[PDB]
Every structure is written in C-alpha cells, then in structure tokens.
Amino acid sequence: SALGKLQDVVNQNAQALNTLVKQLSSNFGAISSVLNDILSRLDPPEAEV
Amino acid sequence: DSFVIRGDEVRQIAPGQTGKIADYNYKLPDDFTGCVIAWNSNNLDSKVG
C-alpha cells in the first residue's frame, strides 16, 4: 500500500478500457449486439434503423 | 415512369419495399424523393374476355 497512486492510475485506465470493451457489447435498445445477425435477420430499412 | 400494375401491388412500388414487382419488375431506390401517383384505369385498361 505504498505505490497506491501509480497502481490506482493503472487500474483506472484498465477499468476504462474494459468498460469501453464491455459497452461495445451493449444493445442500446437494438435487436442484437452483433451487426451481422441484424443484417441477416432484417430487411435493409429496419436493419439500417 | 408509367406502368400499369395490379391494385394489390401499388404498395410494393414504395421506397424500401419488397415483393415480386419490386425485385423483378420495377425497383424504387430507398432514397426515392418523388411522388407515386396512381389512379384506376378499369374502364380504359380492362377489355372484355
């Protein structure tokens, strides 16, 4: 518990990157989180929306 | 563009719509900025037999 500042900075950066990667896999109200499946299942207008 | 279609297939010739007429006869661009104007021609375009 002596190198707390540097470890905290590294942990914050890693946590931000991991949070961004997890947020990549969020629906945001869409049908699915993967675009290939959305393109396959839906017609071009609804898939585009 | 002029063409004689069936009454049931007037909806097909809209932007981003699919059907036999849409994909094999007349395709409307999804970004169509125009007017689909249709009227009955039963007297003019139907012949006995």
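Read on for a plain summary of the structure. (Residues numbered from 1 in each chain as written, not as in the entry; some residues may be left out. Chains lettered and ligands numbered in written order. Part of a larger assembly, values for the part shown. Heavy atoms only, no water.)

1. Some points on the overall build of chain B
- Along its length, chain B carries 2 helices and 0 strands.
- Counting every position in chain B, which comprises 49 residues, the buried fraction comes to 14%.
- Counting every atom, chain B has about 4400 Å² of accessible surface; 51% of that belongs to carbon and sulfur.
- For chain B, the distance from the average site of its 5 positive side-chain charges to the average site of its 7 negative ones is 9 Å. (Helix = DSSP H or I, 4+ residues; strand = E, 2+ residues; numbered from the N terminus. Buried < 20%, exposed > 50% of the residue type's maximum accessible area, 1.4 Å probe, protein only. Areas by Shrake-Rupley, 256 points an atom, 1.4 Å probe, with all protein chains shown as cover. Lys, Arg positive; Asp, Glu negative; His and termini not counted. Charge placed at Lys NZ, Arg CZ, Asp CG, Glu CD.)

2. With respect to the packing of aromatic side chains
Residue and element names in this part refer to chain B.
- Tallied over the full model, the rule gives 1 aromatic pair over all chains.
- Summarising the aromatic geometry, the rings of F3 and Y26 are spaced 4.8 Å apart at their centres and angled 40° between planes, so their arrangement reads as tilted. Taken together, the residues span a long stretch of sequence, with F3 in the segment before α1 (20-24) and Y26 in the loop between α1 and α2 (42-45) at a distance of 23 residues.
- By relative accessible area, which is 37% here, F3 ends up partly exposed. (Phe/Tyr/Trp six-rings, centres within 6.5 Å; stacked < 30°, edge-to-face > 60°.)

3. Examining the side chain of B:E9
Residues and elements named next belong to chain B.
- Note that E9 resides in the segment before α1.
- One polar contact links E9 to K20, side chain to side chain, over a distance of 3.3 Å.
- The contact partners of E9, leaving out residues within four places of it in the chain, are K20 and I21. (Polar contact = N/O pair within 3.5 Å; in protein donor to acceptor, adjacent residues only side chain to side chain. Contact = heavy atoms within 4.5 Å.)

4. Some points on unusual backbone geometry
- Even without being a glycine, A:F28 presents a positive backbone phi close to 55°.
- Considering the arrangement of structural elements, one finds A:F28 in the loop between α1 (4-24) and α2 (35-41).

5. Side note on the layout of surface pockets
- One number sums up the size of the largest pocket: a volume of about 730 Å³.
- The residue inventory of the lining of the largest pocket, partitioned by class, reads 14 nonpolar, 6 polar and 3 charged. (1 Å grid on protein atoms, 1.4 Å probe; cavity = no way out; pocket = protein on both sides within 12 Å on 5 of 7 lines; lining within 4 Å. Points joined across faces, edges and corners; volume = space filled by probe spheres on them. Nonpolar A, V, L, I, M, F, W, Y, C, P; charged D, E, K, R; others polar.)

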